[PDB]
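From first to last, the protein sequence lines stand for chains Z, G and S. This note's numbering numbers the first residue of the first sequence as 106 and each following residue consecutively. This note's numbering numbers the first residue of the second sequence as 356 and each following residue consecutively. This note's numbering numbers the first residue of the third sequence as 106 and each following residue consecutively.
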Amino acid sequence: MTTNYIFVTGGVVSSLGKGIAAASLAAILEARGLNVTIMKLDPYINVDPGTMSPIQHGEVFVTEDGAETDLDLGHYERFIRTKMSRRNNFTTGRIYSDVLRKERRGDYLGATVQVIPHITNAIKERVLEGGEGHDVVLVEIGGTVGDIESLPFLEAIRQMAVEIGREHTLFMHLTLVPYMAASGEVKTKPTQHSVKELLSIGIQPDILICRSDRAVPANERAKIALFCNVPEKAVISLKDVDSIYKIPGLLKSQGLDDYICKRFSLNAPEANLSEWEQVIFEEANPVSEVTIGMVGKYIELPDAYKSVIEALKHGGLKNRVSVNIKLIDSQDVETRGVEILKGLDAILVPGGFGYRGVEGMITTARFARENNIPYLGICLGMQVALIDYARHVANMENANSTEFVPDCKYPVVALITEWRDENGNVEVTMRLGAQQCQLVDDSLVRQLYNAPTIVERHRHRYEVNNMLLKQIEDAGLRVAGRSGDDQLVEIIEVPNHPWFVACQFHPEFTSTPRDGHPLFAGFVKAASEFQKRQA
Amino acid sequence: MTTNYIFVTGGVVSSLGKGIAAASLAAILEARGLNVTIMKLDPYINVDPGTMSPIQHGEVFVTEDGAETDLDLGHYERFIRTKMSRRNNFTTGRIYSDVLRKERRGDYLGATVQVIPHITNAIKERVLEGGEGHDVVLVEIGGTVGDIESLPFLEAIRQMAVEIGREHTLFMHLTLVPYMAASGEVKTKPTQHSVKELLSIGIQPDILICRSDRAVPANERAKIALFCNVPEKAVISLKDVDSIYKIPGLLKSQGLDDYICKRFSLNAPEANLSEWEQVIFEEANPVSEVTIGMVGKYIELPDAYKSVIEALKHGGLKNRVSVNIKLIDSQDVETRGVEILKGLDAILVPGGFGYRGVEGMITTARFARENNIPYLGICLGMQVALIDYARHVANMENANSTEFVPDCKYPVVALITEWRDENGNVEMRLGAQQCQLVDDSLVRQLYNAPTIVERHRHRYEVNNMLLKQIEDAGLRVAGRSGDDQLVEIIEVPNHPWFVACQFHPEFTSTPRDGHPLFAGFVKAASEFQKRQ
Amino acid sequence: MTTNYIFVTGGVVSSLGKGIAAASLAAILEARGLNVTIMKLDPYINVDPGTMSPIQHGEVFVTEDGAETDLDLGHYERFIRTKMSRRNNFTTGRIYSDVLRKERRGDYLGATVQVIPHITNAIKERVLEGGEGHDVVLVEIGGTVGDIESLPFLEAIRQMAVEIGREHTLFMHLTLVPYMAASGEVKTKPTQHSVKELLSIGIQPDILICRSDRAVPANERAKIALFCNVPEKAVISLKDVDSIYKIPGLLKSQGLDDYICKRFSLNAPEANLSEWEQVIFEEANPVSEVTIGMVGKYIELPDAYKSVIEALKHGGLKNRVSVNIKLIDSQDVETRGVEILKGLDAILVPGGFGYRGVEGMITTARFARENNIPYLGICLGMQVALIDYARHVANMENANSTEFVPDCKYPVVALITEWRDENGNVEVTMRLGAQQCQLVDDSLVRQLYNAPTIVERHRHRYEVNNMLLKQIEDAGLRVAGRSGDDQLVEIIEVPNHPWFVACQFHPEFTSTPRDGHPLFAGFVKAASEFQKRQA
Ligand SMILES: Nc1ccn([C@@H]2O[C@H](COP(=O)(O)OP(=O)(O)OP(=O)(O)O)[C@@H](O)[C@H]2O)c(=O)n1
Ligand SMILES: Nc1ccn([C@@H]2O[C@H](COP(=O)(O)OP(=O)(O)OP(=O)(O)O)[C@@H](O)[C@H]2O)c(=O)n1
Ligand SMILES: NC(=O)CC[C@H](N)C(=O)O
Ligand SMILES: NC(=O)CC[C@H](N)C(=O)O
Ligand SMILES: NC(=O)CC[C@H](N)C(=O)O
Ligand SMILES: [Mg+2]
Ligand SMILES: [Mg+2]
Ligand SMILES: [Mg+2]
């Protein structure tokens, strides 16, 4: 079976929903039994998003194999059951960095190294490596048709299409169709002009996905076809919907996947969207409501927490509980006190870097342990909770993480090789990716995950200081999971509490709307339980 | 006194507000004491909008000199006091038409006649004609930058800018900066792309006017400036507003007029927007409310009645009355009956052509003459009033206009050449025309003068031979022309407020100066509303 | 005094003569007493041309400070008396390589690193560093307006222009105006369309330089002005000329520099072109003719030898001798024998890498030493001559350079740390840039350069093997110059010959048409002397 490529580009503006549109299309194809994958090409110069603040392009997502990648890969894994790896995300930086290393070491045998063919060859090679043995590969191109930064990407895929042939390649282009109040109509002009820009780069789109805040009527769809050399049936409307889970069914109901299977000549059964319809049904029919406070330092751009917010939403689905997520600046806790935590059925403290806003989290971890409000702490949020417990229950004054005050008396969280005592004695490298974790026989989480061993994903360097550990266990705190070797602590529980769990790994990256996640489902159940005993 | 041009263009999408934007800008400049004018270049092929359906590009506006032009000229006249004439509007059709004629007749001396320089030359000459003897001329280019249709307009102005010089020309380019809900941001990408299209046609914009449904924040303005080679102070924000009357003010508060005066080297006092401030204040503080029904055949596209809608709103201002205009399909008076006129404090029947829906208008004029509801009838509306009368009070069975049923026994409205009687016995107006007011009419009063000037666009007149008969049965002749004493205004004098006229009074109404008929009409509608 | 920038771009095609057009313009400005410089921006990905074969974009030029750069810098140094350094040439590779190194080490503080502003900032910074304290800086942009590879360059300079203002920036754009035989006219259409491409990138050219194979008449110049928003007087004609030395006077005679000085507001005296007129006069009035054979492995692209060919031409000027340069494949010597060297008044063997064609050079060095035909050997050509002498006069059979047969018995040329005996005994890193060299008291070259110490430029790694040196001196060969320390051999002479010199340094990079070069002038004199005793 020959591999087919659908290239996804966007025009007019960015924030158009390319990731989500691609992922949804992939979900449909998946449900026709096709073997599908997706990859993201980002135009940034960063070698990988590992050096990007979460308020730049949102969360740094992590795949099983430890790659730091764009958050689109989160969308991909939540719409299809394929696992993303390093192979599904690369940037312009990564391309240039490979080519420079090869040029400097003489691999090009004295040739002038050029954007074409050398940069573009490099791009084609990773596109082929990401597609390897899949029937259909959606290749999402970042940036907007017309700007400078994504031109080599577009020229690469142009070349591929000619090389591979139109029998096995399609171009899917998203554009904006804005509504004008004065005239009461949506406008095709930007689509017309975007398609001319795309053509001027040498690409004829085959399918047009029309983004608007309402459906694009037949009249205007026909106008777009007329001007873009695309048949009417390949001009698809994609309105703003109240739930992303509806997107696959919306695209299916307009023939998009039929049109694709015909072009690629695949006999495949009609997409069965039962799992989506189920998720949609669940979402539409909550039995009760909770309010969960997410308390962290990046709430000014919520995408910093994209996968967490979705995991919560999946926790809602598994409990038929509608989760109202209220974002709370953890630094306002420092200023305005515990006051602003009033009125919450649970509390989540997410991950982060840098001292700013961390003392507000420690406080937040406290308030939730003392008032018996259920608490989930992820990475940093597990670290600030160890810190809370030590300071306030094992009475280790001023305890902290070497990340924030390097020279503190009780460094409860520190790099493995910074580990020391309160006396100064010692014993005689980012953790990335999927790692096995042993669950402790009598813990909440051993029951929730219901297995002695689980696999979750890491992105952190600061560990639980084993040298100060016994002193904290002795004061009540329980260790609920450890790694495979060198027993580092992965999970802690405060057992005098309805529901208080915190973990080092990012469980949100393995949560999905179809299959949920045992930790979040638990966390949300507890929030509902707690909500109902206050009423 | 060198003449300065400001070329106004539009990018991304149309329906951007170029007309109003340009008109507002003009309003500010006039308020600084400058001699100013505006003109519209339409890319369409119609020689003029005279053959255009009112549901196509809206109403056909008529200027003092009797030209039929785009409705944008209405906006112009409602923002500045300079009078538009036929030189303030021309189409691509008009341009090719003149060049073709000159060519078939040999004026090109056997040259190959080309888009450049012959079509572009013809465009340049007309832009110069519309501009002559003005300080600042706003030239509004129809269509959207990027499209085929307006390229010759764009190349002609590019040439003009280079000929006349950068010290006397400015390019103002409007764009759309849409809001994305996903990100909570307005987006400058389309502006950056549109300025590129404009540059590729050889035009560097000087001023960017950013349309959006909310203000464009300083960050986005700064990014537009960085990418488009314009300084930040020349990136202006023009959000959707709740009242066009606030647009002169909104632009002036961002320094637009200063920027222009600086570039064109003019010392002019600061703009005095007091009349606009007054207009905004009136509109913001109505004391009563009314519902007025507009009954006619083009309600599917409200711009068909653009100047009438506005003249009512100006009637509102002058009485501090807020007017709700209920657009009513007069075809529905035919199907569903007089019920659909339930709940109106006044009824206006506007102009039109074609029989479809006119029987509904006659039922409508009756309803109002009968149930003592105030009525204003413009052109068709005045004609269908006479039909109602003769037909229901002078008992002239099935009376009509020859435009609709040519061989009717009683042609009360008919071309002047068609003028007959009930036995068969015997014996198109455009522009500003003098009208004489009858000494004892509700209208000699409202206009507070003997003779007036109003604008015509119609063929069919009141039949003078059937006239003395309808006068006897009650009806009153309130105004008449110069010669042939044709009937211009009729009143039913046993009604609180019933006026109807042949001319289009809406074309002279402005928000600053109001209009005596619509002031009158709206005042009456208020008085009626109080009595229920 | 404020720095002014003239940006030079090209359109329609490449090979348009941007380097030469810029350099000539610089020469005019120089002659108005202005302090001028020039820089080249290349769109290649190579970090620097050090890894490019000479048949890629021609010779790798070397500046005093040792930078490996584009051959345009040769043109610059031959038209103005400023010295080029690393500062005057950078590539896209160099830009990306700096930015990647800074991004990976966290210098961007978590920002997304983008083509704009990060790549473009980097470019602006080197443009400012190259311009530092000069009155006028010509900034030559490589590639052709309209292609992908030079877009960031164009966007950078666009930004600069707005920032610095039009008071101190001009855009000079070259285009092609082709002659059509069918119609008998030159065509302005490509200029029209190129200027629209340049505008679409956001740059309004200020000056148009019209390349054609004949002058561009007034009619068409006016047409170009009409369509490009440029005044007639800024549309300059630049026909194919028989001598580049005429280009400054051609541009001057059309007001180009007047137009520039007016725009930048400089009072400067009229350009005095006396030195050029002199060079032109010299060139036009040769007294006799010679034929010099250039024998090397890259003659398929003569630009591989750009500066050598020009040095010869300057040697012609200093002797009023018209040099007919005949290029000869040194590999055809291997095949067709010494035969193809018949009919030559001198012989030059240039530099190179790799064994292919080197045995033909050794042979060539031989033929010239035996028949007393004057010989100049540069770098490789000095190495193959040591090799010739050893094999055939010091009778060291099969002698060679470790570069070619690493394990040979007599490695006469080898890396310093490969140095060994014919017995295998030993004693108890490219050379780049301007280095001092001591001249030997009784040598030809000590007289020609007329000083005990000279400065010439290196680009080589293989040295004269000091361990086998005494054995070659003993057989006749004389050392004519050495370095400063560690006495490595820079120059050799065979003293039983009318004129036989060879050197390690590249003397062609310090030769110019105005001031000539003592070695080449000598070499050409000798060729003329030799030509005249055969007649
Ligand atoms: N490449 C094109 C496409 C359309 N037009 C012109 O576009 C005008 C219509 O303008 P507008 O409504 O702004 O364009 P639409 O195509 O209707 O797009 P939208 O849906 O945005 O209105 C027509 O007169 C037609 O001649 C043009 O000149 N060149
Ligand atoms: N001519 C341009 C302009 C911008 N960019 C790229 O555009 C990206 C920003 O994308 P986006 O936010 O979509 O564009 P903005 O310029 O911010 O515009 P908007 O207001 O629509 O976001 C940057 O990485 C920059 O490299 C580009 O490649 N070419
Ligand atoms: N993403 C996170 O929460 C990281 C936590 C902490 N700063 C660490 O590096 O270990
Ligand atoms: N504009 C109109 O109302 C036209 C009225 C009528 N059809 C006429 O021609 O006289
Ligand atoms: N440019 C050259 O001639 C180099 C000569 C020789 N291959 C060396 O590296 O020393
Ligand atoms: Mg339209
Ligand atoms: Mg942006
Ligand atoms: Mg021609």
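Note that beta-carbon positions come from the ideal geometry of N, C-alpha and C, so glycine has one too.
ask   = For residue 394 of chain G, which residues does DSSP report across the bridge?
value = G:494
inquiry  = Under 7 Å: does the beta carbon of residue 812 of chain G sit that close to some heavy atom of ligand 4?
reply    = yes
query = So is the beta-carbon of residue 264 of chain Z under 7 Å away from any non-hydrogen atom of ligand 2?
reply = no
request  = Using a threshold of 8 Å, state whether the C-beta atoms of residue 136 of chain Z and residue 113 of chain Z are closer than that.
outcome  = no
First and last residue of the uninterrupted beta strand (DSSP E) at residue 127 of chain S = Taken as a continuous stretch (DSSP letters only), residue 127 of chain S belongs to no beta strand (DSSP E), being part of the alpha helix (DSSP H) at 123-135.
request  = Tell me, please, whether the CB atom of residue 205 of chain Z is closer than 8 Å to any CB atom in chain S?
outcome  = yes
Cross-chain neighbours of residue 224 of chain S in chain Z, by beta carbon under 8 Å = 150
Chain S contacts made by the region 242-258 of chain Z, where a contact means CB separation under 7 Å = 253, 254, 256 and 257
request  = Decide yes or no for the touch test of the region 297-309 of chain Z against the region 133-149 of chain Z: beta carbon pairs closer than 8 Å, at least 3 of them.
outcome  = no
ask   = If contact means a Cβ-Cβ distance below 9 Å, which residues of the region 189-203 of chain Z contact chain S?
value = 197, 198, 201 and 202
inquiry  = Looking at the strands, I want to know which residues DSSP matches up with residue 157 of chain Z.
reply    = According to DSSP, residue 157 of chain Z bridges with nothing at all.
request  = May I have the straight-line CA-CA distance separating residue 572 of chain S from residue 480 of chain S, to the nearest angstrom?
outcome  = 26 Å
ask   = Which ranges would you report for the beta strand (DSSP E) in the region 532-570 of chain S if only whole runs of at least 3 residues count?
value = 536-544 and 558-565
task = Kindly examine ligand 5 and report whether one of its heavy atoms sits closer than 7 Å to the Cβ of residue 610 of chain S.
result = no
Contact with chain S by residue 559 of chain G, beta-carbon distance below 8 Å = yes
Those runs of the alpha helix (DSSP H) which lie wholly inside the region 363-424 of chain Z and span at least 4 residues = 379-389 and 411-424
key: Selection of the region 583-599 of chain G by Cβ proximity to chain C, strictly under 8 Å   = This model lacks chain C altogether; the protein chains it does include are Z, G and S.
inquiry  = 8 Å is my cut-off, CB to CB: does residue 328 of chain S come that close to chain G?
reply    = no
inquiry  = I'd like to know if residue 368 of chain G contacts chain Z, where contact means its C-beta is closer than 8 Å to some C-beta of that chain.
reply    = yes
query = If you draw a straight line from the C-alpha of residue 560 of chain G to the C-alpha of residue 359 of chain G, how long is it?
reply = 16 Å
inquiry  = What are the residues in the region 164-184 of chain S lying within 8 Å of chain Z by C-beta distance?
reply    = none
task = For residue 485 of chain S, go through chain G and note every residue whose CB falls closer than 8 Å to its CB, in chain order.
result = Those do not exist, as residue 485 of chain S stays about 50 Å from chain G at its closest Cβ, beyond 8 Å.
task = Check the DSSP bridge columns for residue 317 of chain Z and list the partner residues they point to.
result = Z:344
task = For chain Z, find out if any of its Cβ atoms is closer than 8 Å to the Cβ of residue 288 of chain S; answer yes or no.
result = no
ask   = Is it a yes or a no for the region 157-177 of chain Z touching the region 273-281 of chain Z, going by three-plus beta-carbon pairs under 8 Å?
value = no
Contact set for residue 797 of chain G: own chain, Cβ-Cβ below 6 Å, skip 5 residues either direction = 846
request  = With residue 206 of chain S as the anchor, note down where its alpha helix (DSSP H) starts and where it stops.
outcome  = 197-209
key: Any 3 or more C-beta pairs closer than 8 Å across the region 508-516 of chain S and the region 140-152 of chain S   = no
query = Is residue 744 of chain G helix, strand or coil by DSSP?
reply = helix
ask   = Under a three-way DSSP split, which group does residue 583 of chain S fall into?
value = strand
key: Residues of the region 534-556 of chain Z with Cβ closer than 8 Å to any Cβ of chain S, in chain order   = none
Inter-residue CB distance, residue 483 of chain S and residue 611 of chain S (contact presumed, cutoff 8 Å) = 6 Å
ask   = For ligand 3, any of its heavy atoms closer than 7 Å to the Cβ of residue 614 of chain Z?
value = no
inquiry  = Distance check for residue 867 of chain G and residue 630 of chain G, CA to CA, integer angstroms please.
reply    = 6 Å
query = What does residue 122 of chain Z reach in chain G if we use C-beta pairs closer than 9 Å?
reply = 537
task = Taking a Cβ distance cut-off of 7 Å, strictly less, list which residues of the region 670-681 of chain G are near chain S, in chain order.
result = none
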